[PDB]
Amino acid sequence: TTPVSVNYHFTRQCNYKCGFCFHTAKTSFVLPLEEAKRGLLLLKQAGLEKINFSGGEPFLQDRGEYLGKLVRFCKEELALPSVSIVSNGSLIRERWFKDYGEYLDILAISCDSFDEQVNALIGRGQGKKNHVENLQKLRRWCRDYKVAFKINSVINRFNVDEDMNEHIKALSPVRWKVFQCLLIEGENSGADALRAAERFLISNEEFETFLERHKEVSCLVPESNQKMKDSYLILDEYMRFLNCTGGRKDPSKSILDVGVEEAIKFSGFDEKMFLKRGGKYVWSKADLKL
């Protein structure tokens, strides 16, 4: 397995409380910046092309400077073709675009609804911000600072009937990921879990109904449970690969300890599904037309 596109969930801290969250606040561990950089260098030497920073909420650590420093390191020192972030968007300041936006290819913001009552039912924030305007503000900063803009949506019991066509098109993203809500034992299912996602789940038939309602959106990339569950390379906050084939998130040894080749043998990665879901795409902003 070559680690072509890898997600690094460097923190499990978060400031939201989405009821379905499948990457919960189980620890407060974050690698020292120098150790994270060492692990990223190991990934580059093993063939990394795209890194996505995630969590947790990645902008939390050191008030966004930890993430910015890693973004700049990957782009300028490792020369990675693609550096992306998935974020809930609650803590992103324009000063961060000024300091680090040059080095970021893609900013994904998670947006599950354009209805305030639904976001309250989900747990996305506390309703203090105008969340539609906040999203538009982040989008226009991506325009100003030449970052490609992406949206991620989790389709669940409370938004499965929503029509998002005009809202998504008003944001003109390069990529709109539409995930079926996914159950993960030890995260949002079972006795050992901080969340209980069962009440959020929808059937495959309901998820496809949502997809068909949004056919007109050209940037839509759909991922049913089957397309999502084993189609990612996921590094946790210790830089261990998480294996999701067992319906849990079982960890390998750290790449910092045993190296990439040994650790990744236990990832459970299904590369055919990674390709089938559209995981490989034009992901360098210099090669896009923003």
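Residues carry their position along the shown sequence, with the first being 1.
- Legend: mean Cα B-factor per stretch from the PDB entry, 110-118 versus 97-105; the higher mean is in 110-118.
- For the two regions 264-272 and 15-23, the entry's Cα B-factors average higher over 264-272.
- The residue among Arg240, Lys50, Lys44, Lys229 whose C-alpha atom has the highest B-factor in the PDB entry is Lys229.
- In this structure the maximum Cα B-factor among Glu77, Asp163, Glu208, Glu185 is found at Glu185.
- In the deposited entry, the Cα temperature factor of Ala170 sits in the top third of values across the chain's modelled residues.
- Among the modelled residues of its chain, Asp250 has a C-alpha B-factor that falls in the highest third, as given in the PDB entry.
- Among all modelled residues in its chain, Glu34 ranks in the middle third by Cα B-factor.
- For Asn130, the recorded CA B-factor ranks within the highest third of the chain. Only modelled residues enter the ranking.
- When the modelled residues of the chain are ordered by their C-alpha B factor, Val4 lands in the middle third.
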